Amino acid sequence: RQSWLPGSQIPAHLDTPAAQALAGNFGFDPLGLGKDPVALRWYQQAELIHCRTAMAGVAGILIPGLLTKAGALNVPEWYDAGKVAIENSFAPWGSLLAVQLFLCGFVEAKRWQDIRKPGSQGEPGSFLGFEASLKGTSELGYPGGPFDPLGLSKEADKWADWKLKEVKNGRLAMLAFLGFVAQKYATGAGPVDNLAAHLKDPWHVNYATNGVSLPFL
Amino acid sequence: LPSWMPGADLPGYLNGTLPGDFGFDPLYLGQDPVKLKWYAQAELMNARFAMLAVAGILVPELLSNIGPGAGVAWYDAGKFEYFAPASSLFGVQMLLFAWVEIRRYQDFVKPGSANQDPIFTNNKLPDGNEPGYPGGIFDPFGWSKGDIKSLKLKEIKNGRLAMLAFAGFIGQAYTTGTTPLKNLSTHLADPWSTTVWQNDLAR
Amino acid sequence: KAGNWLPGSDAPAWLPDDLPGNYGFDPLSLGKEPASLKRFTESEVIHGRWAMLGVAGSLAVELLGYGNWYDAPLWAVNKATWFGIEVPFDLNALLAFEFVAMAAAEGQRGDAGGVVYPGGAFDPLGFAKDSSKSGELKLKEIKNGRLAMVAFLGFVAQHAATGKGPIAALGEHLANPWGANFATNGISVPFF
Amino acid sequence: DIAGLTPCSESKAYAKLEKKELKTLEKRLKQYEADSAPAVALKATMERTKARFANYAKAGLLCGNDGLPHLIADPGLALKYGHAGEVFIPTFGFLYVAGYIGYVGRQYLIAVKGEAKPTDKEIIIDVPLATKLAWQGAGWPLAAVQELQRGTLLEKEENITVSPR
Ligand code: CLA
Ligand code: CLA
Ligand code: CLA
Ligand SMILES: CC1=C[C@H](O)CC(C)(C)[C@H]1/C=C/C(C)=C/C=C/C(C)=C/C=C/C=C(C)/C=C/C=C(C)/C=C/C1=C(C)C[C@H](O)CC1(C)C
Ligand SMILES: CC1=C[C@H](O)CC(C)(C)[C@H]1/C=C/C(C)=C/C=C/C(C)=C/C=C/C=C(C)/C=C/C=C(C)/C=C/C1=C(C)C[C@H](O)CC1(C)C
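Its PDB header attributes the entry to cryo-EM and lists the resolution as 2.9 Å.

Next up, the structure:
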C-alpha cells in the first residue's frame, strides 16, 4: 500500500485491520506513539479535532486575507484582528474568554464522555430532546444527527473518500497554521504578502534569505 | 473509436456511453463511476453555461461595432445602472436559482422524481428521464427526433469549445487589457507580429 | 400526512400519518425516538401559540400606532402605557406579578403529562367536539403557528438589519421594491 | 521592581561593574602591539564583555545593590513580570531532556532483560538497539503518561523486601 517512505518498514501497530481501516494511514509513526491501541484511539481523536479546528482557523486566515487584497472586506491582519475586534467590540477580552471557556467546556466534556464510552450521551432522560441525536455513528469522532445536516455521510460508496479528503485537508491546514506562525515571526508581514513576495522574486525572497531560519549561512 | 490521440491506449472505463467519449483522461480522474456520473453532469452544466456566456460576450460586441442601450464591454457590465443596484439582482438571482438548482439536483439524486408541475399538477415531463437531458417543455420545438447520439455529441463539442473560449476571454482580457473582438481584429490586421509570444515578449 | 416538504423524497418511518403537520420534514432525525418526538410535538404547539400571540401583538401595536414591538420596553430600560392609557406600575412589580402568574399557570400545565389539546374551560365555544373538524383545525393551528414563528424571527432579523418596524419596512418595500430589501441592507449580504 | 530590585539597565552598580571590567582589560591591553595576537585576543575579550553586558541589559534582568543579575523562581511572579526565561522555561527544558535520558535508559533495560545474556548486553552495549531507542525517545512524555495510565509503568509488590517489611 501507499506509504510516507517507499522501502521503509511500516510499523507493526499501523499494519492491522483496526489501524489500516482508519483514515490517511501511510505508516507514519517513527516515534512509536501509537503502539498502544488505546493511545492510538485517543490520538485519532486528537488528530480529528486538530484537523477540523485548523481548517476552520486557516480558512479564517486565508479567505479574509485573500479578499482584503481585492476590493471588499477590509479585514486587518490575522495577528492584529483580536486587537481591532476588541476595539470594535462591547465586552472585555477576559469576559469574552470566560464565556467561551464555559461554552466550550460543556461541549468538550460531552465529547470527552463520548470518547470514554461510545454509547453514553444517549441516556433516556439526560437531555430534553438532544439525547436521541447525540449518540455516535458506529465510528468515534464521526458523529451524526445535527452534526452533518445534509446527509452526505449516508452513501457508503463515498465514505472512505470523504474521510481521506478530510484527513489530508486537515493535515495540510495544520501545516498552514504552523507556517502562519513561523512566517509571522520571521518576516513580519501577512501570509498573502509572503506569497506575493515569493511570486515577485522566488530566487531571492525565501527562508534562505530572511536572516532568521538558518543563520549559519 | 475516435481517439484524442490515435494509437494510444485508452482508459477502459470509457466506453462510448457518454457523449463525446474520446478516451481522454491522462490523470485517471474518472475511475470511480460515481465520480464519473458527477463529472458528466458537471461537464454538461459548465458547458451549457459557457455556451450562453460566449454567446452573451460575442453578440453585444458583434453588434457594438456595426449599426443597443449600451455598447459597454463584457467585463464592465457591473458599472452600469440597470434600474437597480446589483445586490438586489444578486438576491433575486439566488432565490430563483435556489429553486431551479435544487430541483435539478433532486432529479439527479432520484431520477424520475422531478417531472410534474407542483402548482398546476396536470403539467408533467414525460418518462424519458435521462438525468441531465430533461426533455418535455425543455424541448418545446420538437427536436431530439434524431437519435441524439449525434445531437448530444454536437452539444458536448460546442460546449467544450465554448468552455475553452471563456477560459480564453478571461486570459486574453487579463493579459491584453482589452476586448476579444478587438484582439481578433489585431490578429487579422497583422497575425505575424501579433502573437501570444509577441505580446508576452513585448511585456 | 399534510404533504411533502420536498417532493420526490420519502417520508421517515418514525413520523405517523395521524399527526397535525406531518410533511415529513426531519433531516436531522431529531425525533426518531418516541419520547423525544412527544416532547417536540408539545414544544412545537406551545411555540406556535406563543408566536401567534406575539406576532399579533406586534402587528397590533404598530398598526394602532404606539411605537413598534421594540419601543415598548423603552420606558423600563429608562412610564408604561396600554391603549394609550398609562399603567401605574414599575419593572420590579411587573416582573413579580408575571413570575408568580406564569409560574402558577405553567406549573399547572406541567403537572399534566402529555396534554397538548386540553379543551374544557380552555375551549368554551366547543369547536372540538366532533373529532374530525378538530383535527383539521389542529392542522390549521400548526400551520398558522409555524408561519407566525417564521414571521417573528423575520421581525427580529429585519429589525437587527434596518432598525425599523415591520410595517414601516413593508412600506419601504412597497415604495421602492428594487431599492429596499435585504440587499440594500448592507448586512444580510456582506459584499457590495 | 520585584523585591526592591532595580532593573539592570537602570542600575548604576551594573554600569560600574561593566566599566571596571573594561578598565582591567584595557590596562592589560595597553602593554602590547596593535596587530599582535595578544592584542587581538584581548580586543575579542572586550567585545565579548560588551556584548554580554548588553545582552543581559536587553533580557530584562533584575540587579541588586551589587549590580548582579538576580533570578526569580516563582511561576506566577515570573509569568507576570516577564521572567519565565530564567527559571521556568529552563526547568521545563531540563525536565524534557532528563526524562529523555531516563526513558531511553529504561527502554534499553527492558529490551535487554528479554534475552539469555542481559548482563552481557549491559557490559557490551548493543549499539543499533541503543541508537534505535535513542531516536525513538523523543516521544517520551506521551509514552510515559500512556504507560502510567495502563498500569505498566509500575511493578507490583513482587519486589524484594527485607524481613521487617
Ligand atoms: C420552535 C420549535 C419547534 C419544535 C420543537 C418543532 C418540532 C417539530 N417539528 Mg416543526 N417547525 C418549526 C418549529 C419547531 N418544530 C418552524 C418554525 C417551522 C417552519 C420553518 C417548522 C416546520 C416543520 C415542518 C414542515 C415539519 C415540522 C415537523 C416537526 C416535528 C418533527 C421534527 C423533529 O423531530 O425535530 C424537533 C425540532 C426541533 C428540536 C427544533 C428546535 C430548534 C432546532 C434545535 C434549532 C433550529 C434553529 C433554526 C434553524 C434557526 C434558523 C435561523 C435562520 C436565520 C436560518 C417536531 C414535532 C414535522 C412534523 O411532523 O410536524 C409535526 C414536519 O413535517 N416542523
Ligand atoms: C414569514 C415570511 C416573511 C415575509 C412575508 C417577509 C417580508 C419581508 N421581509 Mg423578512 N424575513 C423573514 C420572513 C419574511 N419576511 C425571515 C424568516 C428572515 C430571517 C432570514 C427575514 C429577515 C429579513 C431581513 C434582514 C429583511 C427582511 C425584509 C422584508 C421585507 C422586504 C422583502 C424581503 O427582502 O424579504 C426577505 C426575504 C427572505 C427572508 C427570503 C424568504 C424566506 C421566507 C421565509 C420563505 C417563505 C416565504 C413564502 C414562501 C412566500 C411569502 C408568504 C407570505 C405572503 C406569508 C418584506 C416586508 C427587508 C426589509 O426590511 O425591507 C425594507 C430586510 O432587510 N426580512
Ligand atoms: C513552591 C511553593 C510556592 C510558594 C511558597 C509560592 C509563593 C507565591 N506564589 Mg507561587 N506558584 C507555585 C509555587 C509557589 N509559589 C507553583 C508550583 C505554581 C504553579 C501552580 C504557582 C503559581 C502562582 C500564580 C499564578 C501566582 C503565584 C503567586 C505567589 C505569591 C503569592 C501567593 C501566596 O502567598 O501563596 C502561597 C503559595 C503556595 C501555598 C504554593 C501553591 C501556589 C498555588 C498553586 C498558586 C497560588 C496563587 C495565589 C492563589 C494567587 C494570589 C494572588 C495574590 C495577588 C494575592 C507567593 C510569592 C501570585 C503572585 O504573583 O503574587 C505576587 C500569583 O498570582 N504562584
Ligand atoms: C504524526 C507524528 C507521528 C510521529 O510518531 C512523531 C511525530 C513526527 C512527532 C508526529 C508529528 C507531529 C506533528 C508534525 C505535529 C504538528 C501538528 C500541528 C502543525 C498542529 C497545528 C495545529 C494548528 C491549529 C490547531 C490551529 C488552529 C488555528 C486557529 C483556530 C486560528 C484561529 C485564529 C483565527 C481564525 C484568526 C484570528 O485573527 C486569530 C486566531 C485566533 C489565531
Ligand atoms: C423542524 C426541525 C426539524 C429538523 O429535524 C431539524 C431542524 C431543521 C433544525 C428543525 C427546525 C427548527 C426550526 C425552523 C426552528 C425555528 C423556530 C422558531 C423560529 C421559533 C420562534 C419562536 C418565536 C416565539 C415563540 C415568539 C414569541 C414572541 C412573543 C411572545 C413576543 C412578545 C412581545 C411582544 C408581543 C411585543 C412586545 O413589544 C415585546 C415582546 C416581548 C417581544
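Now, onward.
Caption draft 1: Examining the overall build of chain D more closely. Counting its secondary structure elements, chain D contains seven helices and three strands. In chain D, the succession of helices and strands from N to C terminus is β-α-α-β-β-α-α-α-α-α. A compact globule built from 165 residues should have a C-alpha radius of gyration of about 15 Å, whereas chain D, at 26 Å, is more than 25% larger. Taken along its principal axes, the extent of the C-alpha atoms in chain D is 70 × 45 × 35 Å. Counting only residues that meet the buried cut, chain D has 24% of its 165 residues in that class. Surface accessibility of chain D: about 11,900 Å² in total, with carbon and sulfur atoms responsible for 61%. Positive and negative side-chain charges in chain D, numbering 22 and 19 respectively, have mean positions lying 6 Å apart.

Caption draft 2: Structural detail: the overall build of chain C. Per the secondary structure count, chain C includes five helices and two strands. When the helices and strands of chain C are listed from N to C terminus, the series reads α-α-β-β-α-α-α. Taking 16 Å as the expected radius of gyration for a compact globule of 192 residues, we find that chain C reaches 21 Å, considerably beyond that expectation. Each of the three principal axes of chain C carries a C-alpha extent, and together these read 50 × 50 × 30 Å. Of all 192 residues assigned to chain C, the portion counted as buried reaches 18%. About 13,300 Å² of surface is accessible on chain C, with carbon and sulfur atoms providing 66% of the total.

Caption draft 3: Structural view of the packing of aromatic side chains. All names here are of chain A. By the definition in use, this model includes 24 aromatic pairs over all chains. Where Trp42 meets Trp112, the ring centres are 6.4 Å apart and the plane angle is 50°; that geometry is what we call tilted. One end of the pair, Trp42, is in helix α2 (residues 37–67); the other, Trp112, is in helix α4 (residues 93–116), with 70 residues separating them in the sequence. Overall, the relative accessible area of 37% leaves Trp42 in the partly exposed class. The structure contains a cluster of three or more aromatic residues connected by ring pairs, namely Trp78, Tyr79, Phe177 and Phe180.

Caption draft 4: Highlighting empty space enclosed by the protein. Empty space within the largest cavity amounts to approximately 60 Å³. Forming the boundary of the largest cavity are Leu22, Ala23, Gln44, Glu47, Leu48, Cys51, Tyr142, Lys163, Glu166 and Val167 of chain A. When contributions to the lining of the largest cavity are tallied by element, the ones reaching two or more residues are α2 and α5 (159–186) of chain A. Counting residues per element, the lining of the largest cavity draws most heavily on α2 of chain A, at four residues. Residues belonging to the lining of the largest cavity are distributed by class as follows: six nonpolar, one polar and three charged. Taken as a whole, the second largest cavity holds about 50 Å³ of empty space. Every residue along the wall of the second largest cavity is listed here: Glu44, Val45, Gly48, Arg49, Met52, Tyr117, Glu141, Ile142, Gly145 and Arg146 of chain C. Within the residue set of the lining of the second largest cavity, elements represented by two or more residues are α1 (34–64) and α4 (133–162) of chain C.

Caption draft 5: Inspection of the packing of helix α1 (residues 33–64) of chain B against helix α3 (residues 149–176) of chain B at higher detail. Residues and elements named next belong to chain B. Remark: α1 packs on α3, axes separated minimally by 7 Å, with the N-to-C direction vectors making an angle of 60°. Looking at the two axes, α1 sits oblique to α3. The chirality of how α1 crosses α3 is left-handed. Contacts between α1 and α3 involve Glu43, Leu44, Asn46, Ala47, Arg48, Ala50, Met51, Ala53, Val54, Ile57 and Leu58 from the former and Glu155, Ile156, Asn158, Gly159, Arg160, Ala162, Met163, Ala165, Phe166 and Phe169 from the latter. Its residues assigned to classes, the contact of α1 with α3 comprises 14 nonpolar, three polar and four charged.

Caption draft 6: Representation of the site of ligand 3. Taken together, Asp74, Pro75, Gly76 and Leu77 of chain D make up the full set of residues near ligand 3. Residue composition of the shell around ligand 3, by class: two nonpolar, one polar and one charged.

Caption draft 7: Region of the structure containing the coordination of the magnesium atom of ligand 1. Of all protein atoms, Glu44 of chain C (OE) alone acts as a donor to the magnesium atom of ligand 1, lying 2.5 Å away. Its location among the elements puts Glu44 of chain C in helix α1.

Caption draft 8: Fine view of a nonpolar patch on the surface. On the surface, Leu62, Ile63, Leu66, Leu67 and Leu73 of chain A, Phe90 and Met94 of chain B together with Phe191 and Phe192 of chain C cluster together into a nonpolar patch covering about 840 Å² of accessible area. Within the residue set of the nonpolar patch, elements represented by two or more residues are α2 of chain A together with α2 (86–109) of chain B. Here the nonpolar patch gets four residues from one element, more than from any other, and that element is α2 of chain A. Along the chain, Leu73 of chain A falls in the loop between α2 and α3 (81–88).

Caption draft 9: Highlighting the arrangement of the chains. Out of four pairs of chains that touch, the pair holding the most contacts is chains B and C. At no point do chain B and chain D touch; the closest pair of C-alpha atoms across them sits 39 Å apart. Spatially, chain C is disjoint from chain D: no contact exists, and the shortest C-alpha separation is 37 Å.

Caption draft 10: View of the site of ligand 2. Residues and elements named next belong to chain C. Ligand 2 sits among 15 residues. The nearest are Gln158, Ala169, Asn181, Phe182 and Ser188. Take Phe182: an N or O atom from its main chain is 3.5 Å from an oxygen atom of ligand 2. Secondary structure elements with two or more residues in the shell around ligand 2: α4 and α5 (166–175). Among the elements that take part in the shell around ligand 2, α4 stands out by supplying seven residues, more than any other.

Caption draft 11: Spotlight on the interface of chain C and chain B. Counting residues at the interface gives 12 residues for chain C, matched by 13 residues for chain B. Buried surface at the junction of chain C and chain B, summed over both partners, amounts to about 930 Å²; 72% is from carbon and sulfur atoms. Among the residues of chain C in contact with chain B, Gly8, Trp178 and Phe192 of chain C are the three that bury the most area, contributing 52% of the side total. Where chain C packs against chain B, one counts one salt bridge. Across the pair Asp10 of chain C and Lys110 of chain B runs a salt bridge whose closest N-O atoms are separated by 3.8 Å. At the junction of chain C with chain B, the criterion picks out two residue pairs in polar contact. Looking at the side of chain C that touches chain B, its residues break down into seven nonpolar, four polar and one charged.

Caption draft 12: Layout of unusual backbone geometry. Residues and elements named next belong to chain B. Of note, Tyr28 is a non-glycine position whose phi angle comes to about 60°, a positive value. Looking at the element boundaries, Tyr28 is found in the segment before α1. Phi is positive for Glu130, which is not a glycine, with a value near 50°. Judged by relative accessible area, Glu130 falls into the partly exposed class, the value being 43%.

Caption draft 13: Region of interest: the UniProt feature "binding site: chlorophyll b 1" (unreviewed entry) in chain C. Residue and element names in this part refer to chain C. Residues given the UniProt feature "binding site: chlorophyll b 1" (unreviewed entry) here are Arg49 and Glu106. Of the annotated set named above, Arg49 line the second largest cavity. Along the polypeptide, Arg49 turns up in helix α1. Ignoring sequence-local partners within four residues, the contact set of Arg49 consists of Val116, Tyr117 and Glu141.

Caption draft 14: Main features of the environment of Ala183 of chain C. Tracing the sequence through the fold places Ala183 of chain C in the segment after α5. On the basis of relative accessible area, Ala183 of chain C is assigned to the buried category, the value being 9%. Apart from the residues lying within four places of it in its own chain, the contact partners of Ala183 of chain C are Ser87 and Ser88 of chain B.

What counts as what
Residues numbered from 1 in each chain as written, not as in the entry; some residues may be left out. Chains lettered and ligands numbered in written order. Part of a larger assembly, values for the part shown. Heavy atoms only, no water. Residues with missing side-chain atoms left out of burial classes, pairs and counts. Helix = DSSP H or I, 4+ residues; strand = E, 2+ residues; numbered from the N terminus. Rg over C-alpha atoms; globule rule 2.2 N^0.38 Å. Buried < 20%, exposed > 50% of the residue type's maximum accessible area, 1.4 Å probe, protein only. Areas by Shrake-Rupley, 256 points an atom, 1.4 Å probe, with all protein chains shown as cover. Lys, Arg positive; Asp, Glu negative; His and termini not counted. Charge placed at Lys NZ, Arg CZ, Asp CG, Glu CD. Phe/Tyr/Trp six-rings, centres within 6.5 Å; stacked < 30°, edge-to-face > 60°. 1 Å grid on protein atoms, 1.4 Å probe; cavity = no way out; pocket = protein on both sides within 12 Å on 5 of 7 lines; lining within 4 Å. Points joined across faces, edges and corners; volume = space filled by probe spheres on them. Nonpolar A, V, L, I, M, F, W, Y, C, P; charged D, E, K, R; others polar. Axes fitted to C-alpha atoms, helices over the stretch in contact; angles between N-to-C directions. Parallel < 35°, antiparallel > 145°, perpendicular 65-115°, else oblique. Left-handed = near helix turned anticlockwise from the far one by under 90°. Contact = heavy atoms within 4.5 Å. Near = heavy atom within 4 Å. Donors = N, O, S within 2.8 Å, 3.2 Å for Na, K, Ca; no water. Patch = residues over 30% accessible without salt bridge, like charges linked within 9 Å, V, L, I, M, F, W, Y side chains within 5 Å. Salt bridge = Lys/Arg side-chain N within 4 Å of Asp/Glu carboxyl O. Polar contact = N/O pair within 3.5 Å; in protein donor to acceptor, adjacent residues only side chain to side chain. Buried area = accessible area lost by both parts, 1.4 Å probe. UniProt positions renumbered as here; feature names shortened; annotations may be inferred.

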